[PDB]
Amino acid sequence: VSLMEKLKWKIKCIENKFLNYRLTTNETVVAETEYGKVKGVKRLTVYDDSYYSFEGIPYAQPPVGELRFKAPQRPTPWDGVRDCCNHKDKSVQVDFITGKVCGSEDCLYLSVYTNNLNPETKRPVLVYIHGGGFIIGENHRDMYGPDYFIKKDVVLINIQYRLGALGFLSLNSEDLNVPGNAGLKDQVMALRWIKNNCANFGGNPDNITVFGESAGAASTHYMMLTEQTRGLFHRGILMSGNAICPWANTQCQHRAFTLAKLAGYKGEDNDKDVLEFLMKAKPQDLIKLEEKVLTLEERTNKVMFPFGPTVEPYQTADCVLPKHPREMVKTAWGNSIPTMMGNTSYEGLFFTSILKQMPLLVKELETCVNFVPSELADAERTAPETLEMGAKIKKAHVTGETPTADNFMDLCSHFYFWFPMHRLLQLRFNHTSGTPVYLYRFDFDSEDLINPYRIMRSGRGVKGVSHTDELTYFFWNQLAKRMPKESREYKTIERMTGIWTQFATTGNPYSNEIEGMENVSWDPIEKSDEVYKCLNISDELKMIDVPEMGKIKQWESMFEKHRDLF
């Protein structure tokens, strides 16, 4: 990221800190938790609303020393009052703005927010799991400010979880107790905490909604798939992602050795000796080198991250993913709760930045063999069958004689997002009680209000609604400003938070008290639907057939001769 966005962000970081001190009040309050008392503080928003803020609540033991790479354990309770008027640090990670490593291993906390600690009725609880490809992200309010949501009468909770190799290291040997998915196990334990403690903050423990975007959507989906969380919550929202996305799981059992070797390890490839080295390495050395772990073959086969959620090699006490996600959908308790899913109108637009550095990537669309689902494609991507599948993909997105950057970004939309959603809906249909799933499409474009992901994707002055463009209308961030209440952006905040809270409350997203929704008939998707219908969200709200549907069926026809793998 540029020297200009570095000094620019540095200034906004200094501004957000002064604004945060300014928007703080003297009204501290104390709440009960099952681990002891916590002290929160009341804060202000730029729209002159206020909320109670409990930050840095530990939901697990700090996963340092001998707990590194290990499943999390419950934290130690305290007497007295724990100070929660400040944020703790984020997980160790590479800062996308600077490129420096930041964060700390002591990262397992959650934050709780609400406009009223003593509501006269129990409120719907909303749990946000942040995205960031399982390698970046945080629950700090400079990125995920509760300001928009606390205009509503909900309890909003933002969690953190271990990222990167520290969150997702996986070793085959059953004796060392590092099956993988530690970061997901973090999320489970936070869900358990939220279930037993939200009532102390005015939350209804029988009405909990979990949601997230990108990796957060995949996380949300995993929390719906695993037996570990059965009955913990009651609604789910998958925003631009789920667990059968190609980027949302990887078999990384061999990559530990590689990481150890990048970090200066001397010796052989057995897990024990590898683990011993990694266990004493500086956290920020491991994270800084994760970028270098993937082979050129792996990057070629579109493996996006070295460490991430994985099928665990053996089962233990806190096992989360004992089988491939497609298999888990077949018994998943979460299939039987109300679900909403969606995508933006131009997801792949996110990859503008990557294309700018590698224009050679556009030539991949000459045969498109690299984008054929990996379970179908051959190693070298040279078999005639693979060239055949690649051709069907090519027909879907190459509009001219030569592929363009726009063709490319349009393909990514489907490869990374629309096609996986399709596969999930059809799999779920064969294995469900018949609880509704609702679809939306986020199509509202604006440059007048943005979020920090736009700095990373180099989305400055770029038309179209990219992946993460919607976050701006759910959460306050240090690049936000107060918007006139009649502006299109303000109306979209209102609509977006209105629908999400309406869904959270009732398991049904429709409300006539939401402006623009008076002609809306939002029906869920049925197994017998050849065509998906979705609430299209732009300047107006309108029910439509998903525009991406023809290209989706094109991708599905790759599985004409392998219908078992669909």
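Chemist: Mind showing me how you'd approach the overall build of the protein here?
Modeler: A tally of helices and strands in the protein yields 15 helices and 15 strands. Relative to a compact globule of 566 residues, whose C-alpha radius of gyration would be 24 Å, the protein shows 23 Å and is just as compact. Look at the contacts in the protein between residues 6 or more apart in sequence, and 74% of them connect residues 24 or more apart. A total of about 22,700 Å² of accessible surface is found on the protein, and carbon and sulfur atoms cover 50% of it. A distance of 3 Å separates the average location of the 67 positive side-chain charges in the protein from that of its 73 negative side-chain charges.

Chemist: What's the story with the pairing of strand β9 (residues 155-159) in this structure? I'm lost.
Modeler: The side chains of a regular strand alternate, first on one face of the sheet and then on the other. Most of β9 is tucked away, with five of its five residues classed as buried. A two-sided burial pattern is seen for β9, the buried positions comprising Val 155, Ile 157 and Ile 159 on one face and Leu 156 and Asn 158 on the other. For strand β7 (residues 109-114) and β9, the ladder comprises four bridges, and the chain directions are antiparallel. Paired with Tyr 113 across the two strands is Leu 156, which belongs to β9. By the bridge criterion, five bridges tie strand β8 (residues 123-129) to β9 in an arrangement that is parallel. If you follow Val 125 over to β9, its bridge partner there is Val 155.

Chemist: Help me understand the side chain of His 130, please; the structure alone is not making it clear to me.
Modeler: Secondary-structure assignment places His 130 in the loop between β8 and β9. Apart from the residues lying within four places of it in its own chain, the contact partners of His 130 are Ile 136, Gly 137, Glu 138, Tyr 144, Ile 159, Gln 160, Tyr 161, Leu 163, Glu 213, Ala 215 and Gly 216.

Chemist: I keep staring at the UniProt feature "domain: Carboxylesterase type B" (unreviewed entry) in the protein and nothing clicks. Help me out?
Modeler: Following the UniProt record, the feature "domain: Carboxylesterase type B" (unreviewed entry) maps to residues 30-543 here. Annotation note: span residues 30-543, helix share 26%, strand share 16%, distance between end C-alpha atoms 45 Å.

Chemist: When you look at the packing of helix α12 (residues 405-429) against helix α15 (residues 549-556) in this model, what are you seeing that I'm missing?
Modeler: Between two packed helices, the angle of one axis relative to the other and the distance separating the axes together describe the packing. Direction vectors running N to C along α12 and α15 enclose 75°, while the axes themselves pass 10 Å from each other. Classified by the angle their axes make, α12 and α15 are roughly perpendicular. Across from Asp 410, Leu 411, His 414, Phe 415, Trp 418, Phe 419 and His 422 in α12, the residues of α15 making contact are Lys 551, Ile 552, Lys 553, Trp 555 and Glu 556. Of the residues contributing to the contact of α12 with α15, the split by class is six nonpolar, two polar and four charged.

Definitions and cut-offs
Residues numbered from 1 in each chain as written, not as in the entry; some residues may be left out. Heavy atoms only, no water. Helix = DSSP H or I, 4+ residues; strand = E, 2+ residues; numbered from the N terminus. Rg over C-alpha atoms; globule rule 2.2 N^0.38 Å. Contact = heavy atoms within 4.5 Å. Areas by Shrake-Rupley, 256 points an atom, 1.4 Å probe, with all protein chains shown as cover. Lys, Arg positive; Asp, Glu negative; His and termini not counted. Charge placed at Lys NZ, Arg CZ, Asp CG, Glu CD. Buried < 20%, exposed > 50% of the residue type's maximum accessible area, 1.4 Å probe, protein only. Pairing = 2+ DSSP bridges. UniProt positions renumbered as here; feature names shortened; annotations may be inferred. Axes fitted to C-alpha atoms, helices over the stretch in contact; angles between N-to-C directions. Parallel < 35°, antiparallel > 145°, perpendicular 65-115°, else oblique. Nonpolar A, V, L, I, M, F, W, Y, C, P; charged D, E, K, R; others polar.

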